[PDB]
Amino acid sequence: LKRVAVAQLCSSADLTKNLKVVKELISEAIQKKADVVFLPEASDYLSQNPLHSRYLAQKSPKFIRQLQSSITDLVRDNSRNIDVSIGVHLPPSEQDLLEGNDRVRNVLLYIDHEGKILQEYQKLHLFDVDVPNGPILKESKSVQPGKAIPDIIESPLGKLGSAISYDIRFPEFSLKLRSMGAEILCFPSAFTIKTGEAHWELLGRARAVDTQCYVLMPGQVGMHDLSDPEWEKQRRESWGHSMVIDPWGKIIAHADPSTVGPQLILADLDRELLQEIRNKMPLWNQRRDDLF
Amino acid sequence: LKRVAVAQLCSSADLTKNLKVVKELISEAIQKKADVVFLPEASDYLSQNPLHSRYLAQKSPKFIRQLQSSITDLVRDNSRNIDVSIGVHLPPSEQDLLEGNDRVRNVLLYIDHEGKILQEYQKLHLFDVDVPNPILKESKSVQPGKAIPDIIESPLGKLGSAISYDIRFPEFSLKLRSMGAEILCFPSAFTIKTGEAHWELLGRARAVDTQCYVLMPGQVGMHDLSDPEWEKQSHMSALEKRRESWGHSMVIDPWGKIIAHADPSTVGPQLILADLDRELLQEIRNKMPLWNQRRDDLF
Ligand SMILES: O=C(O)CNC(=O)[C@H](CS)NC(=O)CCC(=O)C(=O)O
Ligand SMILES: O=C(O)CNC(=O)[C@H](CS)NC(=O)CCC(=O)C(=O)O
Ligand SMILES: C[As](C)(=O)[O-]
Ligand SMILES: C[As](C)(=O)[O-]
């Protein structure tokens with residue numbers, strides 16, 4: 001049994017305020033003896049519009065640098081290792097701008113105990129959706145789509161496949177990650193209210209059952225304060241309900257609905273249980289690759 | 001508003017008795033103005049073992065011919081059309097036998113108002129599983145299919161067909177949608193343990209993944225598999241001579257909402273109805289155009 005921490009937070013437009021919350025949650029995860037802590041999509045910031053996102057993304061490389069140092073500081077101060085999986089934004093590359101693409105990158109970072117960035121997964125599927133009884137969102141206006149399938153990470157919990165929010169809606173991605181050797185899948189998200197109440201738990205449980213993997217789901221929660229009285233002169237609401245799901249689709253950890261804002265949930269991952277399930281229903285020996 | 005009927009029943013090893021139940025359910029569906037009726041996997045029979053299955057599959061063609069005739073009779077007698085989707089077994093062909101394959105075919109039939117068979121879908125993924133808290137191995141008695149089922153232009157809209165365990169392989173449902181499906185059916189004989197766990201989850205998930213209406217006809221109850229004449233012939237003792245099914249038949253919309261569900265407080269056969277709305281399906285697809293956003297450059 002290995003210990004995982006899944007964080008639930010509420011990003012603002014303020015990167016310093018967010019970093020403080022992120023640092024405390026990681027510190028809390030170390031004390032509760034988790035080997036990896038998982039934090040939601042857009043943990044660095046959420047923005048009012050495409051232009052505000054481009055503005056804040058410029059501050060993101062600094063945010064990341066300070067995060068890396070905080071991890072090494074906390075590892076040393078606590079006398080135990082931890083790895084960090086976190087959703088951030090990134091500015092366009094120098095090539096990207098000359099190439100005529102001035103959009104930010106929605107990225108999931110994996111940072112080991114040495115503060116070393118092991119993976120930068122850029123979101124493949126972008127949220128361009130007219131939410132029924134909800135907002136009209138077009139992620140592709142401010143965000144550039146990723147170019148590659150992310151590698152399996154040999155994590156302290158085991159083999160990890162990573163994805164971001166809307167990626168969860170495309171089963172072929174999760175299936176491919178299992179084919180590559182995933183034992184654990186993560187879906188850090190800033191999930192809307194209306195789709196969240198409809199599909200969050202459903203999709204999380206389905207992907208766990210479909211792939212026979214543990215599924216980790218860090219989610220943003222509540223109404224986001226996008227207030228920026230520096231950018232405004234000189235709406236977003238997230239579902240929360242962060243959870244951990246076993247390879248049989250059972251919820252084994254869930255966020256406390258009462259407590260407002262930042263919280264941490266804990267679960268112990270069992271490799272024997274995972275192997276038992278895959279042995280009893282060997283789906284990966286039963287696919288019809290000849291046809292599909 | 002196109003009306004579908006989904007049937008829940010409890011198959012025995014007696015094809016004559018099973019046919020009677022099926023005829024009554026189709027008759028009821030016509031009276032209730034259903035345009036298509038969907039019946040479960042193995043509506044012709046369930047068997048005690050792989051040998052029993054092969055013995056019984058020999059009676060299946062006669063079951064099917066009589067069913068075809070009943071359909072045209074009922075259509076005539078009610079002056080109203082209905083199509084029928086029903087799971088049966090079929091014996092192996094001469095070619096199968098020539099190749100050393102004497103296993104039966106687990107087949108989903110689509111039969112039209114004229115008694116004409118438009119599709120025989122042979123199940124692709126066979127249930128070979130250690131059920132947590134009876135070991136089942138479908139491939140001992142059943143040969144896997146080799147074809148992807150065509151989309152059927154049904155009275156309700158474009159139909160994709162699948163059988164039970166097929167539901168666990170999302171790429172199959174995704175393919176049906178890619179080929180133009182608006183409705184998916186998963187006629188089934190699902191175990192209690194896996195039904196409790198995953199029946200509702202997988203039905204709803206497939207609905208949401210594909211943005212299709214999902215139809216879920218299920219076997220229910222403890223099956224009576226006794227066949228004294230076969231038991232005599234194969235020389236079985238009492239000790240030599242179990243199946244129980246989940247039921248919970250349902251109709252799910254493209255957003256994942258259960259809109260029709262079997263009544264738990266009735267034993268044996270029952271019919272559920274739902275009026276399907278193509279406009280709801282189109283609206284959902286327009287607002288979240290998943291099939292315009294897939295990454296086929298990578299998958
Ligand atoms: O805007 C940013 O900066 C980061 N991107 C997000 O927060 C996006 C929306 S634009 N959230 C999702 O895709 C969640 C998926 C979801 O809600 C569903 O699949 O139903
Ligand atoms: O023996 C026969 O005649 C065939 N009858 C069946 O009921 C078959 C295989 S034994 N059932 C399933 O595949 C149900 C799937 C299921 O229960 C799951 O996906 O967990
Ligand atoms: C390497 As595998 C058992 O996830 O197909
Ligand atoms: C259902 As038949 C015996 O006509 O193939």
# chains A, B, ... in the order shown; residues from 1 in each chain; ligands from 1
$ interface_residues --of "chain B" --to "chain A" --cutoff "6 Å" --atoms "only C-alpha atoms" --output "list in words"
residues 129, 130, 287 and 288 of chain B
$ residues_near_ligand --ligand "ligand 3" --cutoff "6 Å" --atoms "only C-alpha atoms and all ligand atoms" --output "PyMOL selection string"
chain A and resi 178-182+284
$ residues_near_ligand --ligand "ligand 1" --cutoff "6 Å" --atoms "only C-alpha atoms and all ligand atoms" --output "JSON, numbers by chain"
{"A": [42, 46, 127, 137, 139, 165, 166, 189, 190, 191, 192, 195]}
$ residues_near_ligand --ligand "ligand 4" --cutoff "10 Å" --atoms "only C-alpha atoms and all ligand atoms" --output "ChimeraX atom specification"
/B:58-65,67-68,88-91,93,107-111,116-117,119-120
$ residues_near_ligand --ligand "ligand 2" --cutoff "6 Å" --atoms "only C-alpha atoms and all ligand atoms" --output "PyMOL selection string"
chain B and resi 46+126-127+138+164-165+188-191+194
$ write_last_selection --atoms "N, CA and C atoms" --output "compact mmCIF listing (two decimals), in the first residue's frame"
# COMPACT_ATOMS: atom_id res chain seq x y z
N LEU B 46 -31.39 -20.19 -22.21
CA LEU B 46 -30.11 -20.32 -21.52
C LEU B 46 -29.89 -21.80 -21.21
N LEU B 126 -16.38 -12.09 -25.85
CA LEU B 126 -17.01 -13.15 -25.09
C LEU B 126 -16.64 -13.09 -23.61
N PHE B 127 -17.62 -13.41 -22.78
CA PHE B 127 -17.49 -13.30 -21.33
C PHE B 127 -16.67 -14.45 -20.73
N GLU B 138 -17.54 -18.13 -21.49
CA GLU B 138 -18.45 -18.16 -22.64
C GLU B 138 -17.82 -18.82 -23.87
N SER B 164 -24.28 -7.41 -24.47
CA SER B 164 -23.73 -7.49 -23.11
C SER B 164 -22.27 -7.07 -22.95
N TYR B 165 -21.37 -8.05 -22.81
CA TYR B 165 -19.94 -7.82 -22.52
C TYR B 165 -19.24 -6.86 -23.48
N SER B 188 -28.63 -8.08 -22.99
CA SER B 188 -27.71 -8.71 -22.06
C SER B 188 -28.30 -9.81 -21.20
N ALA B 189 -27.43 -10.74 -20.80
CA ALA B 189 -27.67 -11.57 -19.63
C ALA B 189 -26.48 -11.32 -18.70
N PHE B 190 -26.67 -10.38 -17.77
CA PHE B 190 -25.62 -9.86 -16.91
C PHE B 190 -25.69 -10.54 -15.54
N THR B 191 -24.53 -10.85 -14.98
CA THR B 191 -24.45 -11.48 -13.66
C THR B 191 -24.90 -10.50 -12.57
N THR B 194 -21.53 -8.41 -11.18
CA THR B 194 -21.08 -7.37 -12.11
C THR B 194 -22.20 -6.36 -12.44
$ select_by_dssp --residues "segment 3-227 of chain A" --states "helix (DSSP H, G or I)" --output "ChimeraX atom specification"
/A:15-31,50-57,60-78,94-98,139-141,165-169,171-179,193-211
$ write_last_selection --atoms "C-alpha atoms" --output "compact mmCIF listing (two decimals), in the first residue's frame"
# COMPACT_ATOMS: atom_id res chain seq x y z
CA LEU A 15 -0.48 33.94 -8.48
CA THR A 16 1.08 34.79 -5.10
CA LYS A 17 -2.15 33.96 -3.23
CA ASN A 18 -2.43 30.68 -5.18
CA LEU A 19 1.21 29.70 -4.58
CA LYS A 20 0.74 30.17 -0.82
CA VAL A 21 -2.26 27.79 -0.84
CA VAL A 22 -0.37 25.30 -3.07
CA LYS A 23 2.68 25.33 -0.76
CA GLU A 24 0.56 24.66 2.34
CA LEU A 25 -1.31 21.76 0.70
CA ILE A 26 1.99 20.12 -0.31
CA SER A 27 3.34 20.70 3.23
CA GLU A 28 0.18 19.08 4.62
CA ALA A 29 0.61 16.14 2.18
CA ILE A 30 4.18 15.50 3.39
CA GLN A 31 3.07 15.48 7.05
CA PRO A 50 -8.14 35.40 -23.33
CA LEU A 51 -6.12 38.64 -22.92
CA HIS A 52 -5.97 38.33 -19.12
CA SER A 53 -4.75 34.73 -19.53
CA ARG A 54 -1.95 35.88 -21.84
CA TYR A 55 -1.06 38.53 -19.26
CA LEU A 56 -0.89 36.08 -16.33
CA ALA A 57 0.95 33.34 -18.27
CA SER A 60 3.84 31.47 -14.70
CA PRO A 61 7.53 30.62 -15.29
CA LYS A 62 8.31 32.53 -12.07
CA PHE A 63 5.50 30.70 -10.23
CA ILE A 64 7.01 27.36 -11.31
CA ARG A 65 10.58 28.32 -10.30
CA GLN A 66 9.43 29.23 -6.78
CA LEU A 67 7.32 26.05 -6.56
CA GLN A 68 10.36 23.89 -7.43
CA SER A 69 12.40 25.54 -4.65
CA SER A 70 9.53 25.19 -2.15
CA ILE A 71 9.37 21.45 -2.87
CA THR A 72 13.12 20.97 -2.19
CA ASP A 73 12.78 23.16 0.94
CA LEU A 74 9.80 21.18 2.27
CA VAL A 75 11.39 17.79 1.47
CA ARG A 76 14.49 18.76 3.48
CA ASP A 77 12.48 20.41 6.31
CA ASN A 78 10.25 17.34 6.75
CA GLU A 94 9.56 32.25 -29.12
CA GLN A 95 9.01 29.95 -32.11
CA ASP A 96 5.23 29.92 -31.47
CA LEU A 97 4.87 33.72 -31.80
CA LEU A 98 6.92 33.96 -35.02
CA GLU A 139 -10.78 27.33 -24.54
CA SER A 140 -9.10 27.25 -27.97
CA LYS A 141 -9.35 31.07 -28.13
CA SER A 165 -10.16 17.62 -17.49
CA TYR A 166 -11.91 17.52 -20.88
CA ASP A 167 -9.46 14.77 -21.95
CA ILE A 168 -11.58 12.44 -19.78
CA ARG A 169 -14.43 12.63 -22.32
CA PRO A 171 -12.10 7.17 -23.90
CA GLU A 172 -9.55 6.26 -26.61
CA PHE A 173 -6.99 8.43 -24.73
CA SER A 174 -7.47 6.61 -21.40
CA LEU A 175 -7.45 3.23 -23.18
CA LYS A 176 -4.18 4.11 -24.93
CA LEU A 177 -2.60 5.08 -21.57
CA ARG A 178 -3.60 1.66 -20.19
CA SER A 179 -2.09 -0.03 -23.29
CA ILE A 193 -21.03 23.23 -12.41
CA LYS A 194 -23.61 21.97 -14.94
CA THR A 195 -21.40 19.31 -16.54
CA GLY A 196 -19.89 18.50 -13.13
CA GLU A 197 -23.22 17.62 -11.48
CA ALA A 198 -24.14 15.64 -14.59
CA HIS A 199 -20.91 13.78 -15.47
CA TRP A 200 -17.93 14.25 -13.06
CA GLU A 201 -18.44 11.15 -10.90
CA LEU A 202 -19.84 9.18 -13.86
CA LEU A 203 -16.80 9.67 -16.11
CA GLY A 204 -14.30 9.20 -13.28
CA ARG A 205 -15.87 5.86 -12.34
CA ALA A 206 -16.24 4.79 -15.99
CA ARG A 207 -12.55 5.45 -16.81
CA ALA A 208 -11.53 3.44 -13.69
CA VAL A 209 -13.73 0.52 -14.74
CA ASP A 210 -12.87 0.80 -18.47
CA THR A 211 -9.10 0.78 -17.82
$ residues_around --residues "residue 102 of chain B" --least-positions-apart "3" --cutoff "8 Å" --atoms "only C-alpha atoms" --output "mmCIF file with C-alpha atoms, in the first residue's frame"
data_model
loop_
_atom_site.group_PDB
_atom_site.id
_atom_site.type_symbol
_atom_site.label_atom_id
_atom_site.label_comp_id
_atom_site.auth_asym_id
_atom_site.auth_seq_id
_atom_site.Cartn_x
_atom_site.Cartn_y
_atom_site.Cartn_z
ATOM 1 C CA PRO B 91 -25.645 -23.588 -34.523
ATOM 2 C CA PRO B 92 -22.228 -23.626 -36.269
ATOM 3 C CA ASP B 96 -17.139 -23.812 -38.951
ATOM 4 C CA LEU B 97 -17.348 -27.607 -38.571
#
$ select_by_dssp --residues "segment 148-201 of chain A" --states "strand (DSSP E or B)" --output "count of residues only"
13
$ closest_residue --among "A:113, A:278, A:241, A:224" --to "residue 7 of chain A" --atoms "only C-alpha atoms"
A:241
$ residues_around --residues "residue 254 of chain B" --least-positions-apart "2" --cutoff "9 Å" --atoms "only C-alpha atoms" --output "PyMOL selection string"
chain B and resi 182-183+204+206-214+252+256-257+280-281+284-285
$ write_last_selection --atoms "C-alpha atoms" --output "CSV table (one decimal), in the first residue's frame"
chain,number,residue,atom,x,y,z
B,182,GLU,CA,-28.0,7.7,-32.9
B,183,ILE,CA,-29.1,4.8,-30.7
B,204,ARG,CA,-24.8,5.7,-18.6
B,206,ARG,CA,-21.6,4.7,-23.1
B,207,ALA,CA,-24.6,7.2,-23.5
B,208,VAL,CA,-22.5,10.2,-22.4
B,209,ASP,CA,-19.3,9.0,-24.3
B,210,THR,CA,-21.2,8.6,-27.6
B,211,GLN,CA,-24.0,11.1,-27.2
B,212,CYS,CA,-26.5,8.4,-28.1
B,213,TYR,CA,-29.7,7.1,-26.6
B,214,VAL,CA,-28.8,3.8,-24.9
B,252,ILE,CA,-30.8,6.2,-21.1
B,256,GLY,CA,-26.8,10.2,-19.4
B,257,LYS,CA,-30.2,10.5,-17.8
B,280,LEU,CA,-32.6,16.5,-28.0
B,281,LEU,CA,-29.8,14.3,-29.5
B,284,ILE,CA,-26.5,17.9,-27.3
B,285,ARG,CA,-24.2,17.1,-30.2
$ decode --residues "segment 141-251 of chain A" --atoms "C-alpha atoms" --output "tab-separated table (two decimals), in the first residue's frame"
chain	number	residue	atom	x	y	z
A	141	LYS	CA	-9.35	31.07	-28.13
A	142	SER	CA	-6.69	31.48	-25.43
A	143	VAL	CA	-5.12	27.99	-25.29
A	144	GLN	CA	-3.07	26.05	-27.87
A	145	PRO	CA	-3.73	22.27	-28.25
A	146	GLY	CA	-0.94	19.81	-27.38
A	147	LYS	CA	1.02	17.79	-29.94
A	148	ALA	CA	1.73	14.46	-28.21
A	149	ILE	CA	0.51	11.59	-26.05
A	150	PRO	CA	2.22	11.89	-22.61
A	151	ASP	CA	4.69	9.19	-21.53
A	152	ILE	CA	3.90	6.86	-18.64
A	153	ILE	CA	5.62	8.15	-15.50
A	154	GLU	CA	7.32	5.58	-13.27
A	155	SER	CA	5.97	7.26	-10.12
A	156	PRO	CA	6.36	6.22	-6.42
A	157	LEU	CA	2.72	5.02	-6.56
A	158	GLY	CA	3.42	2.98	-9.68
A	159	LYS	CA	2.90	3.60	-13.39
A	160	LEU	CA	1.03	6.86	-14.01
A	161	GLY	CA	-0.89	8.09	-17.04
A	162	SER	CA	-1.78	11.78	-17.01
A	163	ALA	CA	-4.54	13.85	-18.64
A	164	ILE	CA	-6.39	17.14	-18.05
A	165	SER	CA	-10.16	17.62	-17.49
A	166	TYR	CA	-11.91	17.52	-20.88
A	167	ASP	CA	-9.46	14.77	-21.95
A	168	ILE	CA	-11.58	12.44	-19.78
A	169	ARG	CA	-14.43	12.63	-22.32
A	170	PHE	CA	-12.38	10.83	-25.01
A	171	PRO	CA	-12.10	7.17	-23.90
A	172	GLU	CA	-9.55	6.26	-26.61
A	173	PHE	CA	-6.99	8.43	-24.73
A	174	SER	CA	-7.47	6.61	-21.40
A	175	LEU	CA	-7.45	3.23	-23.18
A	176	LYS	CA	-4.18	4.11	-24.93
A	177	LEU	CA	-2.60	5.08	-21.57
A	178	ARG	CA	-3.60	1.66	-20.19
A	179	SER	CA	-2.09	-0.03	-23.29
A	180	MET	CA	1.18	1.83	-22.60
A	181	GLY	CA	1.19	0.40	-19.05
A	182	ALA	CA	-0.77	2.78	-16.81
A	183	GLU	CA	-1.82	1.54	-13.36
A	184	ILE	CA	-2.99	4.99	-12.24
A	185	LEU	CA	-4.76	7.75	-14.23
A	186	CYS	CA	-5.13	11.39	-13.18
A	187	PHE	CA	-7.65	13.96	-14.40
A	188	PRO	CA	-6.85	17.31	-12.68
A	189	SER	CA	-9.69	19.65	-13.69
A	190	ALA	CA	-11.46	22.98	-13.54
A	191	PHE	CA	-14.86	21.38	-14.19
A	192	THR	CA	-17.99	23.51	-14.71
A	193	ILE	CA	-21.03	23.23	-12.41
A	194	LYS	CA	-23.61	21.97	-14.94
A	195	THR	CA	-21.40	19.31	-16.54
A	196	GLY	CA	-19.89	18.50	-13.13
A	197	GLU	CA	-23.22	17.62	-11.48
A	198	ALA	CA	-24.14	15.64	-14.59
A	199	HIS	CA	-20.91	13.78	-15.47
A	200	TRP	CA	-17.93	14.25	-13.06
A	201	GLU	CA	-18.44	11.15	-10.90
A	202	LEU	CA	-19.84	9.18	-13.86
A	203	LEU	CA	-16.80	9.67	-16.11
A	204	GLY	CA	-14.30	9.20	-13.28
A	205	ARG	CA	-15.87	5.86	-12.34
A	206	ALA	CA	-16.24	4.79	-15.99
A	207	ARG	CA	-12.55	5.45	-16.81
A	208	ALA	CA	-11.53	3.44	-13.69
A	209	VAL	CA	-13.73	0.52	-14.74
A	210	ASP	CA	-12.87	0.80	-18.47
A	211	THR	CA	-9.10	0.78	-17.82
A	212	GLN	CA	-8.90	-1.17	-14.54
A	213	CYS	CA	-6.81	1.67	-13.08
A	214	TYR	CA	-6.89	3.74	-9.94
A	215	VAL	CA	-8.29	7.14	-10.96
A	216	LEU	CA	-7.31	10.38	-9.24
A	217	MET	CA	-9.46	13.46	-9.74
A	218	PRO	CA	-8.19	16.80	-8.37
A	219	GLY	CA	-10.83	19.47	-8.97
A	220	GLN	CA	-11.15	23.22	-8.56
A	221	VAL	CA	-14.09	24.22	-6.34
A	222	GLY	CA	-16.56	27.09	-5.89
A	223	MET	CA	-16.76	30.59	-7.37
A	224	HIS	CA	-13.38	31.90	-8.50
A	225	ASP	CA	-12.27	35.40	-7.59
A	226	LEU	CA	-10.88	36.66	-10.90
A	227	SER	CA	-10.43	40.15	-9.39
A	228	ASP	CA	-7.37	41.93	-10.81
A	229	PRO	CA	-7.50	45.69	-9.98
A	230	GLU	CA	-4.10	46.13	-11.66
A	231	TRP	CA	-5.07	44.56	-14.99
A	232	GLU	CA	-8.66	45.91	-14.89
A	233	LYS	CA	-7.39	49.51	-14.97
A	234	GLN	CA	-3.67	49.68	-15.86
A	235	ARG	CA	-17.38	34.15	-14.76
A	236	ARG	CA	-15.99	30.87	-13.44
A	237	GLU	CA	-17.43	28.43	-10.91
A	238	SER	CA	-16.13	24.89	-10.38
A	239	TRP	CA	-17.80	21.65	-9.24
A	240	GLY	CA	-15.19	20.32	-6.79
A	241	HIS	CA	-16.02	16.82	-5.49
A	242	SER	CA	-12.39	15.69	-5.72
A	243	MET	CA	-12.08	11.92	-5.34
A	244	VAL	CA	-9.96	8.77	-5.59
A	245	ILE	CA	-11.45	5.75	-7.39
A	246	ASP	CA	-10.31	2.10	-7.27
A	247	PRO	CA	-9.94	-0.11	-10.42
A	248	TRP	CA	-13.40	-1.63	-9.76
A	249	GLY	CA	-15.01	1.85	-9.76
A	250	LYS	CA	-15.43	2.26	-6.01
A	251	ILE	CA	-14.91	5.74	-4.54
